[PDB]
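Residue numbers (the authors' numbering), protein chains in the order written: chain A, 32 to 630, 694 to 1276; chain B, 1 to 220; chain C, 1 to 225. Accompanying notes for the structure given below.
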Amino acid sequence: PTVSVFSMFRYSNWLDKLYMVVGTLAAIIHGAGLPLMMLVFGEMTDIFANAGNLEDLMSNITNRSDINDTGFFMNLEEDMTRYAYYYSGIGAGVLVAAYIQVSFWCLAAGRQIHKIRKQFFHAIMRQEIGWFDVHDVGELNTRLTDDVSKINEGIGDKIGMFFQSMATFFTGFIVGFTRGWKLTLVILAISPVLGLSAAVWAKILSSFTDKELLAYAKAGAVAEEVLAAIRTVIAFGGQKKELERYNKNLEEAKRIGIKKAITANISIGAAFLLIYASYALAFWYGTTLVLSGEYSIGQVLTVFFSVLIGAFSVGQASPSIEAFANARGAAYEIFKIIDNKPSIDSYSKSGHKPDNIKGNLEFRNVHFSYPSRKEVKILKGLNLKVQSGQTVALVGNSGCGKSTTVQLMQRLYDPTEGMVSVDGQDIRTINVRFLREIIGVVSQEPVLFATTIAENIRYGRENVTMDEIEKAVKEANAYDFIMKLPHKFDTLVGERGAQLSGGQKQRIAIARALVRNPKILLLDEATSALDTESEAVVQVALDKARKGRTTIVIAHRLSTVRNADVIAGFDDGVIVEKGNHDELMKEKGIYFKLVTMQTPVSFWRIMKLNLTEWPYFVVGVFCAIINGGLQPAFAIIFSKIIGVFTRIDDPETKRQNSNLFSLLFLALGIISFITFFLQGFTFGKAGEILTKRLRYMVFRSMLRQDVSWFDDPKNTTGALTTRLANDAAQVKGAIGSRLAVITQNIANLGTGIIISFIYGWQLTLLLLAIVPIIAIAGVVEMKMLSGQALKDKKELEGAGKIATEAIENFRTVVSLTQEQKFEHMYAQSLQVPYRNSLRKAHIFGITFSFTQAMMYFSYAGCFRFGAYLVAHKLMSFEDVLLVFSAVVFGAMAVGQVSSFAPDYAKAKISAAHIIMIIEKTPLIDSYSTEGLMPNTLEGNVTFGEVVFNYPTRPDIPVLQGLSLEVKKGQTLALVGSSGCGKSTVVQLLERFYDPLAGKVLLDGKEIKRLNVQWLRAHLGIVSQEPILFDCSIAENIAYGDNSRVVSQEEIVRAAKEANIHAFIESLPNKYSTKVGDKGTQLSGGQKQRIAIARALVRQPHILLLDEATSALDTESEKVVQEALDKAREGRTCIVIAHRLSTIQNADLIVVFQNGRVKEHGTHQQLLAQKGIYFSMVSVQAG
Amino acid sequence: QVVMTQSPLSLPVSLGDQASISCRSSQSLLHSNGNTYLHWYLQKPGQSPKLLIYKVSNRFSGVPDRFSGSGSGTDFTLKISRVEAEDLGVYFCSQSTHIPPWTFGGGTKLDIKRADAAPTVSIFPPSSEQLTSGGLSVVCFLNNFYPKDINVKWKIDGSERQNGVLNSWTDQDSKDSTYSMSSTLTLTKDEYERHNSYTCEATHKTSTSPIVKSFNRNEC
Amino acid sequence: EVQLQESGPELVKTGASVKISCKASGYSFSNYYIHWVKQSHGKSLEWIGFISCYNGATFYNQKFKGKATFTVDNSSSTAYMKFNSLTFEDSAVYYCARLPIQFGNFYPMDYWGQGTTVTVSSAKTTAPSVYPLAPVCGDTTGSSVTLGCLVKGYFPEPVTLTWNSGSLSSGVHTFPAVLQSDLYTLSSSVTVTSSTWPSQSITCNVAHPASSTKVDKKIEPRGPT
Ligand SMILES: CC(=O)O[C@H]1C(=O)[C@@]2(C)[C@H]([C@H](OC(=O)c3ccccc3)[C@]3(O)C[C@H](OC(=O)[C@H](O)[C@@H](NC(=O)c4ccccc4)c4ccccc4)C(C)=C1C3(C)C)[C@]1(OC(C)=O)CO[C@@H]1C[C@@H]2O
Ligand SMILES: CC(C)CCC[C@@H](C)[C@H]1CC[C@H]2[C@@H]3CC=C4C[C@@H](O)CC[C@]4(C)[C@H]3CC[C@]12C
Ligand SMILES: CC(C)CCC[C@@H](C)[C@H]1CC[C@H]2[C@@H]3CC=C4C[C@@H](O)CC[C@]4(C)[C@H]3CC[C@]12C
Ligand SMILES: CC(C)CCC[C@@H](C)[C@H]1CC[C@H]2[C@@H]3CC=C4C[C@@H](O)CC[C@]4(C)[C@H]3CC[C@]12C
Ligand SMILES: CC(C)CCC[C@@H](C)[C@H]1CC[C@H]2[C@@H]3CC=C4C[C@@H](O)CC[C@]4(C)[C@H]3CC[C@]12C
Ligand SMILES: CC(C)CCC[C@@H](C)[C@H]1CC[C@H]2[C@@H]3CC=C4C[C@@H](O)CC[C@]4(C)[C@H]3CC[C@]12C
Ligand SMILES: CC(C)CCC[C@@H](C)[C@H]1CC[C@H]2[C@@H]3CC=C4C[C@@H](O)CC[C@]4(C)[C@H]3CC[C@]12C
Ligand SMILES: CC(C)CCC[C@@H](C)[C@H]1CC[C@H]2[C@@H]3CC=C4C[C@@H](O)CC[C@]4(C)[C@H]3CC[C@]12C
Ligand SMILES: CC(C)CCC[C@@H](C)[C@H]1CC[C@H]2[C@@H]3CC=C4C[C@@H](O)CC[C@]4(C)[C@H]3CC[C@]12C
Ligand SMILES: *[C@@H]1O[C@H](CO)[C@@H](O)[C@H](O)[C@H]1NC(C)=O
Ligand SMILES: *[C@@H]1O[C@H](CO)[C@@H](O)[C@H](O)[C@H]1NC(C)=O
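Following this line, the structure appears as structure tokens:
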């Protein structure tokens, strides 16, 4: 699961091997630049302290004219110029070193990740169909996104900051042992707890978001399950139970979040307590050593400061090890993909290529099974020999594998037994790509790339001019719809052929295959949705180009099969019947039976959502008022310690003031712990119950909505669970964290500036000039430490959706062998974010080094002006130290706090969208009782002139004014083509869509005036695909009846009536057996039977069936239908199915054609007048 | 400038009792704090002056428990209780709390406090060798006396001589605990033969009659 | 262990320039001041000045501004005082003492050097004039008799006067050397009984090293002359 670190950096140039070495040398040199500034700070404060001690003695005596005072402070004013030169030198060196190290590591990352990305896509276009069938399609795309982002975050910049932190730690210890070791051993005795506190501080500062998603992991399943099955759920009326289950999950999630917030804030409070207790110990022992007359004050400042910076930087080194371990663990998979090579190399030019390509097909003893399900053997040997120009058709029921034979032809796989050959030699020694280009194949359901149609028809082969394009499309007879639409070669077809119709799509797909000019043509169901005349002209064109080529046609319509060369028949995988038309006529087999039968708006109204919980906000604002003013208190106490140690006094007065301030540090630590814990707890509680109540109300206002609001292209299931998962937790940052951060920063900086203006005026004005660049020096470094920006990966994947539409449409391009064109398209689509990445890699280094140098230059300028002010006697050294300490440390605290907060602008926009969802009222209300409530009914339905257009497809009408008359107990079958408005009449009944025109009378009562929930209560259906919920089977069937005490005798009675009682009573924990998502554990016929049992508990007066025997056994269809036939009396029953067994015994039968009712009446009347329903009956009987 | 005035310049303590030395300022040595600074040092013969008491009540570290300071205002005192044989040597008293004259004190020796005695005055005329070389040096020795305050008068022909007299006092003897001194009168050769009577008079406090010793040039 | 130690004695000429050195050992040299004080012969101590011993900022008393100069040396951690234009009034014993820079003037000068001794003179190296003295002729008042020779005019110190090569320490007093017109004088005396003298031999043995002169004088009685 992990790679070694030697193999991790293997795709690198000499230039990146130089970039990494120079960017770690400059990282060490930049890392050794803070303790070297502590040396200068110690020696400068020692100069200031020694001049000051000397000064008092001269003062009482007086009478010394001017030179004596001059010379005493002129030595100070002269020596501070040399120390300002030292500071400026360290500042310039740190500027150059930090720019070089950041820029060179980010350039090494950019070049390496570009080569990784190109090699991974080039390897994934060598990987067979079988690997796609075993692994995934969507997890592959998230593997690309996640693994590239994790490599870029792993070897990107964190390897530089790790070496910088190691250099800072080692330089700090070397300085702390070379100045004074007796203090460094005390702080080294402390320093494990210091490093542990810093490590856990950076740890819980790093993640900050994963606990919310692992708390919502248990509740989002119910969300995605209900939003996936929205129409069936509001068709049953089970809003209330799923609402209560969502509540039961959210209470647990909120309680674990409460525990998380309390524990994290206690941890950071204990971190602050340990920092200030380390100050109290360090300065108590330091002033013991100074008043002993053994150290100076500058020696104590240098050793302690140098030691503490080293310990916290080696603590802050901790996230880089985690990021690098994650990069190794994410790199192993991409290295596994780019390592392994298949047996069938689709780019090896060591394949063999024929020249005299003559059409001849040889199959002998061909056994093959799918590697997805290898336990089942579909094929048990097929032997064929097809000559040139021989139109071979294959007939049989669905399940024998005509599509299997087509996929076996193009070498998408290999047969486990035997040997296949094309014109003498076998496929197993000759080239795959040259063979793949010469076999033009149309599959069953083609896919069309969403480019212009000229490029689509160009996609067969490289150099095709428009004259061959026009000849091919006129052969395809697909020029009329080209002529009527604008942009006749410039029309961008939408996603998956949604812009055009199906017949135009299949005709231009035939064109797209014919532009290759192939040697063998293979059609698979080429006229599924096509009409009469266009299939006729397509088949005439197919016979126009069949004389030089070998052809195999698979189709259901026998109009295009009767004019073929050889007809054959599959049975159990084995080709059983052979010969021409009349040979199978006199053979009297299954084909004889077949032919015998056939003849923004929110502006701080986000506080309105949380006006109810005022006391949490009151104690939070109070604790932020206190906890903002703990940097100026630290400025006061630190400045007063050094102001004690500049002037002369008694030894006992110095010891008293030193002990008092080394106690005031510890008092500040305890107050910091208490107020920080209390603020963090109360803002955690307010934000958490805001997230809980807003998730509840957003879920309920989602569930009140119409079906037609859920079919919107902007309102998808993924977008709604994003608006419930990601954006519900983003509304706490617009109010609670915003008030905490604004109040904390005001009491951090305003009182520091006011104290500074009272004590020293001129220096406060100069520092107010230089202050915003130090604040930006806080925020930019804190943004670099923990996730600066993630828009570049979004731009990357938005340009790289070519990869997604290449992987999703892999089934066409493995036939077209057009891999190299897609690889070069990806290589030329990566090129612009490459330049954007290099531009960002220079600009970020420039601005980071500008702020990092402006810190040291602020030190130099502030202390030179303070030296002048002390020398001309307008303030003291205690006051310049107070002004500088308060303003600069307040600015860095403002940066470090205001970078920790989440953003406010996107939080405000997300709150505006959540308020948009909350405020909206649907056109119908499921909770209202108003309408027509009659006490009685009969059960007669009358449709008249009903037209319906889909709201997502307003230009395409699926209905053209149907009408229907249903009476009591009338088994009404609805037969038609796939996609002619079969479930549309169900959706018109169940109050999903209300039609724009038409009239529907339910027993002389119009449905538009009735109660909405009453119609949804009385009837009960079975879905087109059975969906169950994440519980047991007792709660699967128990969902059928709601607002009612569900009796278990009805449960076992319905399980016996649906003949699912056996499969339930066989299972261990029989009525408590936990079923996963959508019934993925148990089989399809069993969940179809439990869907029958779930509809059966409703006892509906109106019953609808939509494909009641899609996947079900022949003995199970009778035991399903016996309960139906004993219970079809009393209730109106309407069954829609493709199997004719429930259609023969039906009462009245209605055939549809493009939405229009063609034939209606009794079954014998439709069997008398031979129309289209006779051809529907003529399928497989006899 | 303040001027400390250490009140005894000798202090004849015995061996094994109490002794008191008294520093006395010329201005109130009370600072603007509540503290009064004057420090008491011992100085041995020929070695470095160690520190004994600082900030008159307190005590340094390493010094034994006999020494104790007291007093305030402009009157300060060190007291040695149970004086050993090791605490002999001068004792002075820093400082002024008004600096930078930063003044100091006189000093106070300590003695062994003998019973009194009388000096054995001897006289010696200039010998033949310096009378050959042209000069008189007549000397008066006086040995084995206590205490160390004696006045010697060189009377020539009944008149005092306070010119050309040199006096040298030895230190206190170790074994005998007494003193001695020598007086040398140096004049020329020809001034010797102008006067006959030379007397050396010793006026000690333990003799009401000053001990005279005399000689004449001509008689031998 | 905190120890400031100084150079040995000097024997300079008038108008010359001399440099004396206080070397500090056992403590952190860069904090404490170094105060130089001066004790004459038989007077109160007198404060000359102080040197800051971190950067080198001096401060002198007003009597001594211009005729003294303080330097420091941080590498070997010493402090030097240089006298220029010496007169006779600058012949004394000089001490160095430290004082901490943090609580300066509110702390005593806690550690002192042993003090060097500067002896300004002008004359030249000179042989001593040894004269023996004899008791006044005529009467003897008892058994005790006192003798003793004097040494005049010599330069420089010291003179190891020694009675009978050290075979007599039963009355030998040696009075310290006095100054008279930049020349020295040292006397001595012995008290012996009436039995040895003048019946035995007793001699002064003056041994001046600075001219290597060894003089022996036999003390004889003054008879009738
Ligand atoms: C609680 C407390 O009072 O002590 C803290 C601390 O937060 C303070 C004092 C720090 C601290 O810095 C100093 O006190 C300091 C003193 C003399 C000379 C130079 C620095 C701190 O070093 C900074 C360190 O914070 C960081 O993690 C910084 O990001 C960073 N140090 C920097 O100051 C810095 C900022 C920008 C660019 C380069 C450096 C840091 C990163 C890794 C390891 C150590 C420091 C911490 C929590 C402390 C200390 C240790 C005192 C400051 O930094 C920030 C951004 O918080 C500097 O001004 C703020 C004021 C803060 O209160
Ligand atoms: C342009 C941005 C990066 C700011 C660059 C900072 C430079 C211009 C600043 C920072 C430190 C400053 C120096 C600090 C000290 C002094 C000593 C003074 O006696 C002369 C001016 C001088 C020499 C300053 C000149 C200007 C200076 C070098
Ligand atoms: C690689 C070179 C060109 C970069 C120059 C960086 C300079 C500005 C840095 C690096 C080494 C630093 C010096 C390292 C040691 C000390 C000793 C200390 O008692 C005085 C400051 C002093 C002298 C530092 C001053 C600033 C300094 C000279
Ligand atoms: C090894 C583990 C326990 C951590 C390291 C602790 C050791 C090395 C450190 C921590 C505190 C340090 C002590 C702190 C104080 C001083 C006083 C000094 O006058 C002698 C050294 C001495 C006594 C140190 C000896 C070394 C010491 C004991
Ligand atoms: C009220 C809000 C707006 C700001 C709060 C600032 C508070 C926390 C700050 C500002 C003034 C500071 C006080 C100013 C003076 C001193 C005297 C010192 O010997 C002890 C600390 C002490 C007492 C400070 C403690 C903290 C302090 C009271
Ligand atoms: C004299 C007194 C009134 C001066 C008060 C200082 C004021 C003007 C300064 C100091 C602290 C500053 C705040 C610090 C932090 C932020 C967070 C940022 O996201 C919005 C601006 C905001 C809120 C600043 C606004 C201006 C501010 C409040
Ligand atoms: C953005 C604001 C805070 C910055 C204003 C510009 C600053 C850099 C300029 C404009 C006015 C200037 C001040 C004008 C007057 C003086 C008085 C002089 O005796 C000390 C310098 C001092 C105090 C100047 C310091 C720098 C200064 C404050
Ligand atoms: C101009 C005079 C009158 C007032 C100056 C007030 C200063 C202290 C205020 C005003 C503008 C404020 C800045 C405004 C914007 C932000 C961006 C934020 O991400 C970090 C803090 C930061 C950088 C603020 C720091 C403090 C700040 C610079
Ligand atoms: C970007 C910032 C940090 C650069 C440093 C600020 C510069 C412009 C300021 C800060 C302190 C200022 C110095 C303060 C003191 C004096 C002494 C005066 O007699 C000459 C000007 C001089 C030498 C100023 C020059 C300009 C100066 C160095
Ligand atoms: C100040 O005092 C001193 C002595 O008290 C004196 O020399 C000086 O003239 C006085 N005046 C000035 C301007 O220094
Ligand atoms: C200090 O003041 C005195 C006058 O009292 C003057 O002579 C001297 O030059 C001044 N400077 C120094 C360094 O002594």
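Cβ coordinates follow ideal geometry from the N, Cα and C atoms, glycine included.
Alpha carbon of residue i to alpha carbon of residue j, nearest angstrom
i                     : j                 : result
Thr87 (chain C)       : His41 (chain C)   : 15 Å
residue 662 (chain A) : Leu1095 (chain A) : Coordinates for residue 662 (chain A) are absent; the numbering of chain A skips from 630 straight to 694.
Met986 (chain A)      : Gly872 (chain A)  : 5 Å
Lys416 (chain A)      : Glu393 (chain A)  : 5 Å
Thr69 (chain C)       : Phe978 (chain A)  : 39 Å
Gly135 (chain B)      : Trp154 (chain B)  : 17 Å
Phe103 (chain C)      : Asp744 (chain A)  : 6 Å
Residue i - partner residues in DSSP beta bridges
i                : result
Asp602 (chain A) : A:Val605
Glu448 (chain A) : A:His398
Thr422 (chain A) : A:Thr582
Closer than 7 Å: residue i CB and nearest ligand 6 heavy atom
i                : result
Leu843 (chain A) : yes
Which listed residue (the options) has its alpha carbon closest to that of residue i
i                : options                                 : result
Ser207 (chain B) : B:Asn163, B:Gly73, B:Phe145, B:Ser182   : B:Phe145
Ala139 (chain A) : A:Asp562, A:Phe40, A:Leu757, A:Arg749   : A:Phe40
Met628 (chain A) : A:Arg538, A:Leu589, A:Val713            : A:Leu589
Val715 (chain A) : A:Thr558, A:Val964, A:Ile1186, A:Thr769 : A:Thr769
Within 7 Å of chain B by C-beta, residues of the region 69-95 of chain A in sequence order: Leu88, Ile92
For the region 97-121 of chain A, enumerate the residues whose C-beta is nearer than 9 Å to any C-beta of chain B, in chain order. none
The region 94-125 of chain C: positions lying closer than 7 Å to chain A by Cβ: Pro100, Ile101, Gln102, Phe103, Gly104, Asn105, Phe106, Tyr107
Residues of the region 748-760 of chain A whose Cβ lies closer than 9 Å to any Cβ of chain C, in chain order: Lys748
Listed from N- to C-terminal order along the chain, which residues in the region 52-64 of chain C have their beta-carbon within a distance smaller than 9 Å of any beta-carbon of chain A? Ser52, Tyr54, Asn55, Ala57, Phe59
Listed from N- to C-terminal order along the chain, which residues in the region 174-188 of chain C have their beta-carbon within a distance smaller than 7 Å of any beta-carbon of chain B? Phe175, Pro176, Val178, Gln180, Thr185, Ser187
Check distances from the C-beta atoms of the region 122-148 of chain C to those of chain B and list, in chain order, the residues that come in under 8 Å. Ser129, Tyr131, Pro132, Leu133, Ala134, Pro135, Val136, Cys137, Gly138, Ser144, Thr146, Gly148
Residues in the region 21-45 of chain B having any Cβ partner in chain A nearer than 7 Å: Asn33, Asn35
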